[PDB]
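Engineer: Next up, start_5.tsv (TSV, N, CA and C atoms).
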chain	number	residue	atom	x	y	z
A	102	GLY	N	-47.87	47.34	-80.13
A	102	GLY	CA	-49.24	46.88	-80.33
A	102	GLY	C	-49.84	46.20	-79.12
A	103	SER	N	-49.10	46.22	-78.00
A	103	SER	CA	-49.52	45.70	-76.70
A	103	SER	C	-49.59	44.17	-76.68
A	104	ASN	N	-49.40	43.53	-77.83
A	104	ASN	CA	-49.42	42.07	-77.87
A	104	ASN	C	-48.40	41.46	-78.82
A	105	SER	N	-47.53	42.24	-79.46
A	105	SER	CA	-46.69	41.69	-80.51
A	105	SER	C	-45.29	41.35	-80.02
A	106	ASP	N	-44.62	42.27	-79.33
A	106	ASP	CA	-43.22	42.11	-78.95
A	106	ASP	C	-43.15	41.59	-77.52
A	107	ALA	N	-43.01	40.27	-77.38
A	107	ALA	CA	-42.77	39.68	-76.07
A	107	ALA	C	-41.34	39.88	-75.60
A	108	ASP	N	-40.54	40.66	-76.34
A	108	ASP	CA	-39.15	40.92	-76.01
A	108	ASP	C	-39.00	42.11	-75.06
A	109	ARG	N	-40.03	42.38	-74.26
A	109	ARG	CA	-40.02	43.48	-73.32
A	109	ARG	C	-38.88	43.38	-72.32
A	110	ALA	N	-38.39	42.17	-72.03
A	110	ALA	CA	-37.27	42.02	-71.11
A	110	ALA	C	-36.02	42.68	-71.67
A	111	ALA	N	-35.65	42.34	-72.90
A	111	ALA	CA	-34.49	42.97	-73.52
A	111	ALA	C	-34.75	44.43	-73.84
A	112	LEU	N	-36.02	44.80	-74.05
A	112	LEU	CA	-36.32	46.22	-74.25
A	112	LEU	C	-36.05	47.03	-72.98
A	113	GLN	N	-36.51	46.52	-71.83
A	113	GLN	CA	-36.24	47.18	-70.56
A	113	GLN	C	-34.74	47.17	-70.25
A	114	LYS	N	-34.05	46.09	-70.60
A	114	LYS	CA	-32.60	46.05	-70.44
A	114	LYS	C	-31.92	47.09	-71.32
A	115	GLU	N	-32.42	47.28	-72.54
A	115	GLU	CA	-31.89	48.31	-73.43
A	115	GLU	C	-32.04	49.69	-72.82
A	116	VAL	N	-33.25	50.03	-72.37
A	116	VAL	CA	-33.45	51.38	-71.83
A	116	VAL	C	-32.70	51.54	-70.51
A	117	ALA	N	-32.50	50.46	-69.76
A	117	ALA	CA	-31.72	50.55	-68.53
A	117	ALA	C	-30.25	50.81	-68.84
A	118	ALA	N	-29.71	50.15	-69.87
A	118	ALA	CA	-28.35	50.45	-70.31
A	118	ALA	C	-28.25	51.89	-70.79
A	119	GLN	N	-29.30	52.40	-71.43
A	119	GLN	CA	-29.29	53.80	-71.86
A	119	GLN	C	-29.30	54.75	-70.66
A	120	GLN	N	-30.06	54.43	-69.62
A	120	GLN	CA	-30.03	55.25	-68.41
A	120	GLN	C	-28.67	55.20	-67.74
A	121	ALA	N	-28.03	54.03	-67.72
A	121	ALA	CA	-26.68	53.94	-67.17
A	121	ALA	C	-25.70	54.76	-67.99
A	122	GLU	N	-25.86	54.76	-69.31
A	122	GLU	CA	-25.01	55.59	-70.16
A	122	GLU	C	-25.24	57.07	-69.89
A	123	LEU	N	-26.49	57.46	-69.66
A	123	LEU	CA	-26.78	58.84	-69.27
A	123	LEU	C	-26.11	59.20	-67.96
A	124	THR	N	-26.19	58.32	-66.97
A	124	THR	CA	-25.51	58.56	-65.70
A	124	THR	C	-24.00	58.67	-65.89
A	125	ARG	N	-23.46	57.92	-66.85
A	125	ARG	CA	-22.04	58.04	-67.17
A	125	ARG	C	-21.71	59.38	-67.82
A	126	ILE	N	-22.57	59.86	-68.73
A	126	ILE	CA	-22.37	61.18	-69.33
A	126	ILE	C	-22.45	62.26	-68.27
A	127	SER	N	-23.28	62.05	-67.25
A	127	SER	CA	-23.30	62.96	-66.11
A	127	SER	C	-21.90	63.10	-65.51
A	128	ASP	N	-21.24	61.98	-65.27
A	128	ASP	CA	-19.85	61.97	-64.83
A	128	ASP	C	-18.93	62.09	-66.05
A	129	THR	N	-17.64	61.85	-65.86
A	129	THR	CA	-16.63	61.80	-66.92
A	129	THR	C	-16.51	63.12	-67.68
A	130	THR	N	-17.12	64.18	-67.18
A	130	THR	CA	-16.96	65.52	-67.74
A	130	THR	C	-16.10	66.38	-66.82
A	131	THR	N	-15.12	65.75	-66.18
A	131	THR	CA	-14.29	66.41	-65.16
A	131	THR	C	-13.28	67.35	-65.81
A	132	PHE	N	-13.77	68.53	-66.18
A	132	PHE	CA	-12.89	69.58	-66.67
A	132	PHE	C	-12.14	70.18	-65.48
A	133	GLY	N	-11.13	69.46	-64.99
A	133	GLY	CA	-10.41	69.85	-63.80
A	133	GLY	C	-10.61	68.95	-62.59
A	134	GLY	N	-11.06	67.71	-62.78
A	134	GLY	CA	-11.36	66.84	-61.67
A	134	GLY	C	-12.52	67.37	-60.85
A	135	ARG	N	-13.35	68.18	-61.49
A	135	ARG	CA	-14.42	68.93	-60.83
A	135	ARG	C	-15.71	68.80	-61.64
A	136	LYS	N	-16.08	67.55	-61.94
A	136	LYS	CA	-17.12	67.19	-62.90
A	136	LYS	C	-18.28	68.18	-62.92
A	137	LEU	N	-18.60	68.69	-64.11
A	137	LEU	CA	-19.40	69.90	-64.22
A	137	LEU	C	-20.87	69.63	-63.94
A	138	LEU	N	-21.51	68.82	-64.78
A	138	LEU	CA	-22.96	68.70	-64.77
A	138	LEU	C	-23.50	67.89	-63.60
A	139	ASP	N	-22.76	66.90	-63.12
A	139	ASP	CA	-23.27	66.03	-62.07
A	139	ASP	C	-22.59	66.34	-60.74
A	140	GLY	N	-22.95	65.55	-59.73
A	140	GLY	CA	-22.38	65.74	-58.41
A	140	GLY	C	-22.91	67.02	-57.78
A	141	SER	N	-22.01	67.77	-57.14
A	141	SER	CA	-22.36	69.01	-56.47
A	141	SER	C	-21.58	70.14	-57.14
A	142	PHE	N	-22.24	70.85	-58.04
A	142	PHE	CA	-21.66	72.03	-58.68
A	142	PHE	C	-21.88	73.24	-57.78
A	143	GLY	N	-20.79	73.91	-57.43
A	143	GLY	CA	-20.83	74.98	-56.44
A	143	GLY	C	-21.55	76.24	-56.88
A	144	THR	N	-22.15	76.24	-58.07
A	144	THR	CA	-22.82	77.42	-58.62
A	144	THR	C	-21.85	78.60	-58.66
A	145	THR	N	-20.80	78.43	-59.46
A	145	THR	CA	-19.67	79.34	-59.45
A	145	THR	C	-20.02	80.65	-60.15
A	146	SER	N	-19.05	81.56	-60.22
A	146	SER	CA	-19.24	82.86	-60.85
A	146	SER	C	-17.88	83.33	-61.35
A	147	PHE	N	-17.77	83.54	-62.66
A	147	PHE	CA	-16.49	83.90	-63.26
A	147	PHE	C	-16.27	85.40	-63.18
A	148	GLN	N	-15.17	85.81	-62.54
A	148	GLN	CA	-14.86	87.22	-62.41
A	148	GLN	C	-14.34	87.77	-63.73
A	149	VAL	N	-14.96	88.86	-64.20
A	149	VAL	CA	-14.61	89.45	-65.48
A	149	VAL	C	-14.28	90.93	-65.37
A	150	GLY	N	-14.38	91.53	-64.18
A	150	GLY	CA	-14.08	92.93	-64.01
A	150	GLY	C	-12.78	93.13	-63.26
B	102	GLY	N	-12.33	80.90	-62.10
B	102	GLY	CA	-13.71	80.51	-62.24
B	102	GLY	C	-14.38	80.15	-60.93
B	103	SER	N	-13.70	80.45	-59.83
B	103	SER	CA	-14.14	80.22	-58.46
B	103	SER	C	-14.12	78.74	-58.09
B	104	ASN	N	-13.94	77.86	-59.08
B	104	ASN	CA	-13.71	76.45	-58.78
B	104	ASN	C	-12.78	75.75	-59.76
B	105	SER	N	-12.24	76.43	-60.77
B	105	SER	CA	-11.63	75.71	-61.89
B	105	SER	C	-10.21	75.27	-61.60
B	106	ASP	N	-9.43	76.06	-60.88
B	106	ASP	CA	-8.03	75.76	-60.62
B	106	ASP	C	-7.91	75.29	-59.17
B	107	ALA	N	-7.88	73.97	-59.00
B	107	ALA	CA	-7.64	73.40	-57.68
B	107	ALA	C	-6.20	73.59	-57.22
B	108	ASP	N	-5.35	74.18	-58.06
B	108	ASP	CA	-3.95	74.41	-57.73
B	108	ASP	C	-3.75	75.71	-56.95
B	109	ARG	N	-4.79	76.14	-56.24
B	109	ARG	CA	-4.68	77.34	-55.41
B	109	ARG	C	-3.62	77.20	-54.33
B	110	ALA	N	-3.18	75.98	-54.02
B	110	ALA	CA	-2.08	75.82	-53.07
B	110	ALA	C	-0.77	76.36	-53.65
B	111	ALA	N	-0.43	75.93	-54.87
B	111	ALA	CA	0.74	76.48	-55.53
B	111	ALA	C	0.54	77.95	-55.88
B	112	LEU	N	-0.71	78.36	-56.12
B	112	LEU	CA	-0.98	79.78	-56.32
B	112	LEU	C	-0.66	80.58	-55.06
B	113	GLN	N	-1.03	80.06	-53.89
B	113	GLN	CA	-0.70	80.70	-52.63
B	113	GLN	C	0.81	80.72	-52.41
B	114	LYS	N	1.49	79.64	-52.78
B	114	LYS	CA	2.95	79.62	-52.70
B	114	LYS	C	3.56	80.70	-53.58
B	115	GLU	N	3.04	80.85	-54.80
B	115	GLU	CA	3.50	81.88	-55.71
B	115	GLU	C	3.31	83.27	-55.11
B	116	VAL	N	2.12	83.53	-54.57
B	116	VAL	CA	1.83	84.83	-53.98
B	116	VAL	C	2.71	85.09	-52.76
B	117	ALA	N	2.97	84.06	-51.95
B	117	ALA	CA	3.81	84.23	-50.77
B	117	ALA	C	5.25	84.50	-51.17
B	118	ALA	N	5.73	83.85	-52.23
B	118	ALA	CA	7.07	84.15	-52.73
B	118	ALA	C	7.15	85.57	-53.26
B	119	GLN	N	6.10	86.03	-53.94
B	119	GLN	CA	6.07	87.41	-54.41
B	119	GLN	C	6.10	88.39	-53.24
B	120	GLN	N	5.35	88.09	-52.18
B	120	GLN	CA	5.35	88.95	-50.99
B	120	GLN	C	6.71	88.95	-50.31
B	121	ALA	N	7.37	87.79	-50.23
B	121	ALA	CA	8.69	87.74	-49.63
B	121	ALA	C	9.70	88.51	-50.47
B	122	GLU	N	9.57	88.46	-51.79
B	122	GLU	CA	10.45	89.25	-52.66
B	122	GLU	C	10.17	90.73	-52.48
B	123	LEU	N	8.91	91.10	-52.27
B	123	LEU	CA	8.58	92.48	-51.94
B	123	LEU	C	9.27	92.92	-50.65
B	124	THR	N	9.18	92.10	-49.60
B	124	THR	CA	9.82	92.46	-48.34
B	124	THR	C	11.33	92.50	-48.48
B	125	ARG	N	11.89	91.72	-49.40
B	125	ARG	CA	13.32	91.79	-49.66
B	125	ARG	C	13.69	93.06	-50.41
B	126	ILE	N	12.85	93.50	-51.35
B	126	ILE	CA	13.04	94.80	-51.98
B	126	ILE	C	12.99	95.90	-50.93
B	127	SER	N	12.11	95.75	-49.93
B	127	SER	CA	12.10	96.68	-48.81
B	127	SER	C	13.47	96.73	-48.14
B	128	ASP	N	14.04	95.56	-47.86
B	128	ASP	CA	15.40	95.47	-47.33
B	128	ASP	C	16.39	95.64	-48.47
B	129	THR	N	17.67	95.34	-48.20
B	129	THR	CA	18.73	95.32	-49.20
B	129	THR	C	18.92	96.67	-49.90
B	130	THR	N	18.37	97.74	-49.33
B	130	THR	CA	18.57	99.10	-49.83
B	130	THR	C	19.52	99.86	-48.91
B	131	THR	N	20.53	99.16	-48.39
B	131	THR	CA	21.44	99.73	-47.39
B	131	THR	C	22.40	100.73	-48.05
B	132	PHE	N	21.85	101.91	-48.36
B	132	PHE	CA	22.67	103.01	-48.84
B	132	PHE	C	23.45	103.58	-47.66
B	133	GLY	N	24.50	102.88	-47.25
B	133	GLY	CA	25.25	103.23	-46.06
B	133	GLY	C	24.96	102.39	-44.84
B	134	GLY	N	24.37	101.21	-45.00
B	134	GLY	CA	23.99	100.39	-43.87
B	134	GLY	C	22.81	100.98	-43.12
B	135	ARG	N	22.01	101.79	-43.82
B	135	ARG	CA	20.91	102.53	-43.22
B	135	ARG	C	19.66	102.39	-44.11
B	136	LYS	N	19.37	101.14	-44.49
B	136	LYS	CA	18.37	100.81	-45.51
B	136	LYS	C	17.15	101.73	-45.48
B	137	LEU	N	16.81	102.29	-46.64
B	137	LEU	CA	15.88	103.42	-46.69
B	137	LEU	C	14.48	103.01	-46.26
B	138	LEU	N	13.88	102.04	-46.96
B	138	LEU	CA	12.47	101.74	-46.80
B	138	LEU	C	12.14	101.10	-45.46
B	139	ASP	N	12.81	100.02	-45.09
B	139	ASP	CA	12.55	99.37	-43.82
B	139	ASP	C	13.81	99.35	-42.96
B	140	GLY	N	13.74	98.64	-41.85
B	140	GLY	CA	14.85	98.64	-40.92
B	140	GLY	C	14.76	99.83	-39.98
B	141	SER	N	15.77	100.68	-39.99
B	141	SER	CA	15.83	101.86	-39.12
B	141	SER	C	16.06	103.10	-39.98
B	142	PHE	N	14.97	103.79	-40.32
B	142	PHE	CA	15.03	105.06	-41.03
B	142	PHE	C	14.50	106.17	-40.13
B	143	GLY	N	15.36	107.14	-39.84
B	143	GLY	CA	15.01	108.19	-38.89
B	143	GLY	C	14.13	109.29	-39.45
B	144	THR	N	13.79	109.24	-40.74
B	144	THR	CA	12.99	110.28	-41.39
B	144	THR	C	13.64	111.65	-41.18
B	145	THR	N	14.84	111.78	-41.73
B	145	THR	CA	15.72	112.90	-41.41
B	145	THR	C	15.45	114.08	-42.35
B	146	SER	N	16.37	115.05	-42.34
B	146	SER	CA	16.21	116.28	-43.11
B	146	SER	C	17.60	116.69	-43.62
B	147	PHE	N	17.72	116.88	-44.93
B	147	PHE	CA	19.01	117.21	-45.53
B	147	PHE	C	19.25	118.71	-45.46
B	148	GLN	N	20.39	119.10	-44.88
B	148	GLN	CA	20.73	120.51	-44.77
B	148	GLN	C	21.36	121.02	-46.06
B	149	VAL	N	20.80	122.10	-46.60
B	149	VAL	CA	21.27	122.66	-47.87
B	149	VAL	C	21.62	124.14	-47.75
B	150	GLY	N	21.30	124.80	-46.64
B	150	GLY	CA	21.58	126.21	-46.49
B	150	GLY	C	22.86	126.43	-45.70
Give the structure from the file, written as structure tokens.
Structural biologist:
Amino acid sequence: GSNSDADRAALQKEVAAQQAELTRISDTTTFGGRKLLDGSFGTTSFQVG
Amino acid sequence: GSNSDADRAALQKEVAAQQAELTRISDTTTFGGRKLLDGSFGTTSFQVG
């Protein structure tokens, strides 16, 4: 309501913790010590023939 | 997967051992101390007439 919740400090802290959690989900997906979604993914290609 | 198995070092060791076993199969065919495939084979001709 632009004037009701003066708790904007903890609100920004909440969304900042959520962004940090997102950055963590980016990492910790190391299927082979080669974390998939984040970092530098080599744009691989699986040979099937 | 072009990036999934970082154990390509042991993979190379495996392939090199397979190649060395191939070269050993080439040797050790000393049918008379005249190993057929490698070593010294004169590419001779068997007389039958």
Engineer: Quick check, in Å to one decimal: how far apart do CA of residue 103 in chain B and atom N of residue 148 in chain A lie?
Structural biologist: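 We find that CA of residue 103 in chain B and atom N of residue 148 in chain A lie 7.0 Å from each other.
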Engineer: Write out the coordinates of chain A as an mmCIF file with N, CA and C atoms, in the frame of the given file after a least-squares overlay onto chain B built on all ordered Cα pairs.
Structural biologist:
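Result saved to out-v6.cif:
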data_model
loop_
_atom_site.group_PDB
_atom_site.id
_atom_site.type_symbol
_atom_site.label_atom_id
_atom_site.label_comp_id
_atom_site.auth_asym_id
_atom_site.auth_seq_id
_atom_site.Cartn_x
_atom_site.Cartn_y
_atom_site.Cartn_z
ATOM 1 N N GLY A 102 -12.819 81.124 -61.719
ATOM 2 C CA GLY A 102 -14.197 80.670 -61.873
ATOM 3 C C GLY A 102 -14.751 79.973 -60.651
ATOM 4 N N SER A 103 -13.968 79.974 -59.561
ATOM 5 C CA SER A 103 -14.339 79.435 -58.253
ATOM 6 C C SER A 103 -14.413 77.905 -58.254
ATOM 7 N N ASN A 104 -14.270 77.283 -59.420
ATOM 8 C CA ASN A 104 -14.296 75.824 -59.482
ATOM 9 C C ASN A 104 -13.315 75.226 -60.480
ATOM 10 N N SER A 105 -12.469 76.013 -61.141
ATOM 11 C CA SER A 105 -11.672 75.477 -62.231
ATOM 12 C C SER A 105 -10.255 75.127 -61.801
ATOM 13 N N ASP A 106 -9.556 76.034 -61.124
ATOM 14 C CA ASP A 106 -8.142 75.865 -60.801
ATOM 15 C C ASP A 106 -8.019 75.323 -59.383
ATOM 16 N N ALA A 107 -7.877 74.000 -59.269
ATOM 17 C CA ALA A 107 -7.588 73.390 -57.978
ATOM 18 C C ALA A 107 -6.141 73.579 -57.561
ATOM 19 N N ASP A 108 -5.368 74.368 -58.320
ATOM 20 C CA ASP A 108 -3.965 74.620 -58.040
ATOM 21 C C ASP A 108 -3.775 75.795 -57.079
ATOM 22 N N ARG A 109 -4.772 76.055 -56.235
ATOM 23 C CA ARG A 109 -4.722 77.140 -55.280
ATOM 24 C C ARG A 109 -3.544 77.022 -54.326
ATOM 25 N N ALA A 110 -3.047 75.807 -54.074
ATOM 26 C CA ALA A 110 -1.893 75.640 -53.201
ATOM 27 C C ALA A 110 -0.663 76.305 -53.799
ATOM 28 N N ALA A 111 -0.342 75.983 -55.047
ATOM 29 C CA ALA A 111 0.795 76.620 -55.702
ATOM 30 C C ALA A 111 0.527 78.085 -55.990
ATOM 31 N N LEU A 112 -0.749 78.461 -56.144
ATOM 32 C CA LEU A 112 -1.052 79.885 -56.311
ATOM 33 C C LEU A 112 -0.731 80.675 -55.040
ATOM 34 N N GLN A 113 -1.147 80.148 -53.881
ATOM 35 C CA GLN A 113 -0.826 80.788 -52.613
ATOM 36 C C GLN A 113 0.685 80.770 -52.361
ATOM 37 N N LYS A 114 1.357 79.693 -52.754
ATOM 38 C CA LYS A 114 2.812 79.647 -52.651
ATOM 39 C C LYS A 114 3.461 80.699 -53.541
ATOM 40 N N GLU A 115 2.914 80.909 -54.738
ATOM 41 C CA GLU A 115 3.412 81.951 -55.632
ATOM 42 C C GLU A 115 3.290 83.322 -54.996
ATOM 43 N N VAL A 116 2.100 83.658 -54.494
ATOM 44 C CA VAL A 116 1.925 85.000 -53.926
ATOM 45 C C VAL A 116 2.726 85.138 -52.634
ATOM 46 N N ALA A 117 2.952 84.046 -51.909
ATOM 47 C CA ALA A 117 3.779 84.115 -50.709
ATOM 48 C C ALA A 117 5.237 84.376 -51.072
ATOM 49 N N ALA A 118 5.735 83.731 -52.132
ATOM 50 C CA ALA A 118 7.077 84.034 -52.620
ATOM 51 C C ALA A 118 7.163 85.481 -53.081
ATOM 52 N N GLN A 119 6.091 86.004 -53.672
ATOM 53 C CA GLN A 119 6.088 87.410 -54.081
ATOM 54 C C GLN A 119 6.128 88.342 -52.867
ATOM 55 N N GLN A 120 5.408 88.007 -51.803
ATOM 56 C CA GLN A 120 5.487 88.809 -50.583
ATOM 57 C C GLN A 120 6.872 88.745 -49.967
ATOM 58 N N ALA A 121 7.509 87.573 -49.990
ATOM 59 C CA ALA A 121 8.879 87.472 -49.494
ATOM 60 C C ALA A 121 9.829 88.302 -50.339
ATOM 61 N N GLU A 122 9.618 88.322 -51.652
ATOM 62 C CA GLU A 122 10.437 89.163 -52.521
ATOM 63 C C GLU A 122 10.222 90.639 -52.220
ATOM 64 N N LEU A 123 8.983 91.029 -51.936
ATOM 65 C CA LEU A 123 8.712 92.403 -51.514
ATOM 66 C C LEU A 123 9.434 92.742 -50.225
ATOM 67 N N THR A 124 9.390 91.847 -49.246
ATOM 68 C CA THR A 124 10.119 92.065 -48.000
ATOM 69 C C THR A 124 11.621 92.175 -48.247
ATOM 70 N N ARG A 125 12.121 91.438 -49.239
ATOM 71 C CA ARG A 125 13.528 91.560 -49.612
ATOM 72 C C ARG A 125 13.837 92.909 -50.254
ATOM 73 N N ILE A 126 12.943 93.405 -51.122
ATOM 74 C CA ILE A 126 13.124 94.733 -51.709
ATOM 75 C C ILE A 126 13.088 95.797 -50.631
ATOM 76 N N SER A 127 12.298 95.573 -49.582
ATOM 77 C CA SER A 127 12.325 96.466 -48.429
ATOM 78 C C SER A 127 13.748 96.593 -47.882
ATOM 79 N N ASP A 128 14.413 95.468 -47.685
ATOM 80 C CA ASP A 128 15.819 95.448 -47.299
ATOM 81 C C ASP A 128 16.691 95.584 -48.552
ATOM 82 N N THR A 129 17.987 95.338 -48.416
ATOM 83 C CA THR A 129 18.955 95.302 -49.515
ATOM 84 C C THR A 129 19.049 96.633 -50.259
ATOM 85 N N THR A 130 18.463 97.687 -49.720
ATOM 86 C CA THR A 130 18.605 99.035 -50.265
ATOM 87 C C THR A 130 19.503 99.879 -49.366
ATOM 88 N N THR A 131 20.505 99.236 -48.774
ATOM 89 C CA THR A 131 21.376 99.879 -47.777
ATOM 90 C C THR A 131 22.363 100.826 -48.452
ATOM 91 N N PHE A 132 21.862 102.013 -48.784
ATOM 92 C CA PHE A 132 22.726 103.068 -49.292
ATOM 93 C C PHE A 132 23.523 103.648 -48.123
ATOM 94 N N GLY A 133 24.549 102.918 -47.684
ATOM 95 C CA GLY A 133 25.316 103.288 -46.517
ATOM 96 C C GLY A 133 25.161 102.370 -45.314
ATOM 97 N N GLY A 134 24.700 101.134 -45.505
ATOM 98 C CA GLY A 134 24.440 100.248 -44.398
ATOM 99 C C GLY A 134 23.315 100.768 -43.525
ATOM 100 N N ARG A 135 22.463 101.590 -44.120
ATOM 101 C CA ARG A 135 21.422 102.332 -43.408
ATOM 102 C C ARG A 135 20.101 102.218 -44.169
ATOM 103 N N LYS A 136 19.716 100.973 -44.473
ATOM 104 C CA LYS A 136 18.638 100.631 -45.397
ATOM 105 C C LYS A 136 17.481 101.624 -45.357
ATOM 106 N N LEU A 137 17.117 102.153 -46.526
ATOM 107 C CA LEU A 137 16.317 103.366 -46.586
ATOM 108 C C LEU A 137 14.858 103.096 -46.253
ATOM 109 N N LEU A 138 14.183 102.300 -47.080
ATOM 110 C CA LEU A 138 12.735 102.184 -47.016
ATOM 111 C C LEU A 138 12.238 101.357 -45.838
ATOM 112 N N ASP A 139 12.993 100.358 -45.402
ATOM 113 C CA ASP A 139 12.521 99.473 -44.347
ATOM 114 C C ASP A 139 13.254 99.761 -43.039
ATOM 115 N N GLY A 140 12.931 98.957 -42.028
ATOM 116 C CA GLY A 140 13.552 99.125 -40.729
ATOM 117 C C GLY A 140 13.051 100.396 -40.059
ATOM 118 N N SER A 141 13.977 101.134 -39.443
ATOM 119 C CA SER A 141 13.657 102.365 -38.741
ATOM 120 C C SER A 141 14.414 103.503 -39.424
ATOM 121 N N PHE A 142 13.722 104.228 -40.287
ATOM 122 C CA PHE A 142 14.280 105.416 -40.931
ATOM 123 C C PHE A 142 14.099 106.613 -40.004
ATOM 124 N N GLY A 143 15.204 107.275 -39.687
ATOM 125 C CA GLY A 143 15.206 108.330 -38.680
ATOM 126 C C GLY A 143 14.473 109.598 -39.072
ATOM 127 N N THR A 144 13.827 109.618 -40.238
ATOM 128 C CA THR A 144 13.140 110.808 -40.743
ATOM 129 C C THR A 144 14.111 111.986 -40.803
ATOM 130 N N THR A 145 15.129 111.826 -41.646
ATOM 131 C CA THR A 145 16.261 112.732 -41.666
ATOM 132 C C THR A 145 15.888 114.054 -42.332
ATOM 133 N N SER A 146 16.858 114.962 -42.425
ATOM 134 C CA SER A 146 16.647 116.272 -43.027
ATOM 135 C C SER A 146 17.988 116.747 -43.573
ATOM 136 N N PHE A 147 18.048 116.977 -44.883
ATOM 137 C CA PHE A 147 19.305 117.343 -45.526
ATOM 138 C C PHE A 147 19.532 118.841 -45.432
ATOM 139 N N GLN A 148 20.658 119.238 -44.829
ATOM 140 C CA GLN A 148 20.977 120.645 -44.690
ATOM 141 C C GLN A 148 21.447 121.214 -46.021
ATOM 142 N N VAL A 149 20.812 122.313 -46.449
ATOM 143 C CA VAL A 149 21.114 122.921 -47.733
ATOM 144 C C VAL A 149 21.453 124.399 -47.613
ATOM 145 N N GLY A 150 21.401 124.981 -46.411
ATOM 146 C CA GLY A 150 21.712 126.377 -46.232
ATOM 147 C C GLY A 150 23.040 126.562 -45.530
#
Engineer: Dump as a list in words the residues of chain A that approach chain B to within 6.5 Å, counting all atoms listed in the file.
Structural biologist: residues 133, 145, 146, 147 and 148 of chain A
Engineer: Just N, CA and C atoms for this one: save the residues we selected as a PDB file, keeping the file's coordinate frame.
Structural biologist:
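Output file again-v9.pdb follows:
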ATOM      1  N   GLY A 133     -11.130  69.460 -64.990  1.00  0.00           N
ATOM      2  CA  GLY A 133     -10.410  69.850 -63.800  1.00  0.00           C
ATOM      3  C   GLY A 133     -10.610  68.950 -62.590  1.00  0.00           C
ATOM      4  N   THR A 145     -20.800  78.430 -59.460  1.00  0.00           N
ATOM      5  CA  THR A 145     -19.670  79.340 -59.450  1.00  0.00           C
ATOM      6  C   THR A 145     -20.020  80.650 -60.150  1.00  0.00           C
ATOM      7  N   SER A 146     -19.050  81.560 -60.220  1.00  0.00           N
ATOM      8  CA  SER A 146     -19.240  82.860 -60.850  1.00  0.00           C
ATOM      9  C   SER A 146     -17.880  83.330 -61.350  1.00  0.00           C
ATOM     10  N   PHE A 147     -17.770  83.540 -62.660  1.00  0.00           N
ATOM     11  CA  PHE A 147     -16.490  83.900 -63.260  1.00  0.00           C
ATOM     12  C   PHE A 147     -16.270  85.400 -63.180  1.00  0.00           C
ATOM     13  N   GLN A 148     -15.170  85.810 -62.540  1.00  0.00           N
ATOM     14  CA  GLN A 148     -14.860  87.220 -62.410  1.00  0.00           C
ATOM     15  C   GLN A 148     -14.340  87.770 -63.730  1.00  0.00           C
TER      16      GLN A 148
END
Engineer: In Å, how far is it from atom N of residue 114 in chain B to CA of residue 127 in chain B?
Structural biologist: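 Taking atom N of residue 114 in chain B and CA of residue 127 in chain B, their separation equals 20.5 Å.
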Engineer: Could you work out how far atom C of residue 128 in chain B lies from CA of residue 141 in chain B, giving the answer in Å with one decimal?
Structural biologist: 11.2 Å
Engineer: DSSP on the backbone: what in chain B comes out alpha helix (DSSP H), as a list in words?
Structural biologist: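 Those residues are residues 109, 110, 111, 112, 113, 114, 115, 116, 117, 118, 119, 120, 121, 122, 123, 124, 125, 126 and 127 of chain B.
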Engineer: Starting from 6 Å padding per side, set up an axis-aligned box that covers all listed atoms of range 134-147 of chain B and hand over centre and edge lengths in Å, one decimal, as AutoDock Vina command-line options.
Structural biologist:
--center_x 18.3 --center_y 108.7 --center_z -42.9 --size_x 24.2 --size_y 32.1 --size_z 20.1
Engineer: Kindly write N, CA, C and O atoms of range 140-147 of chain B from the structure just given to a file, as a short mmCIF file (atom, residue, chain, number, x, y, z; two decimals), in the first residue's frame.
Structural biologist:
data_model
loop_
_atom_site.label_atom_id
_atom_site.label_comp_id
_atom_site.auth_asym_id
_atom_site.auth_seq_id
_atom_site.Cartn_x
_atom_site.Cartn_y
_atom_site.Cartn_z
N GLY B 140 58.09 -58.53 -36.41
CA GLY B 140 59.45 -59.05 -36.32
C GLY B 140 60.06 -59.14 -37.70
O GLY B 140 60.20 -58.13 -38.41
N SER B 141 60.45 -60.35 -38.11
CA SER B 141 61.09 -60.59 -39.40
C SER B 141 60.31 -61.67 -40.14
O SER B 141 60.53 -62.87 -39.93
N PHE B 142 59.40 -61.25 -41.01
CA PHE B 142 58.67 -62.16 -41.88
C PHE B 142 59.04 -61.89 -43.33
O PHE B 142 58.82 -60.78 -43.84
N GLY B 143 59.60 -62.90 -43.99
CA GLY B 143 60.11 -62.72 -45.34
C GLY B 143 59.07 -62.74 -46.44
O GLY B 143 59.42 -62.55 -47.60
N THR B 144 57.80 -62.97 -46.09
CA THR B 144 56.71 -63.06 -47.07
C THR B 144 57.05 -64.11 -48.13
O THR B 144 57.22 -63.83 -49.31
N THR B 145 57.16 -65.35 -47.66
CA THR B 145 57.73 -66.44 -48.44
C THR B 145 56.65 -67.13 -49.27
O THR B 145 55.53 -66.64 -49.42
N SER B 146 57.00 -68.30 -49.82
CA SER B 146 56.10 -69.04 -50.71
C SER B 146 56.31 -70.53 -50.43
O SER B 146 57.44 -71.03 -50.49
N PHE B 147 55.22 -71.24 -50.13
CA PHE B 147 55.30 -72.65 -49.78
C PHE B 147 55.30 -73.50 -51.05
O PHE B 147 54.40 -73.39 -51.88
#
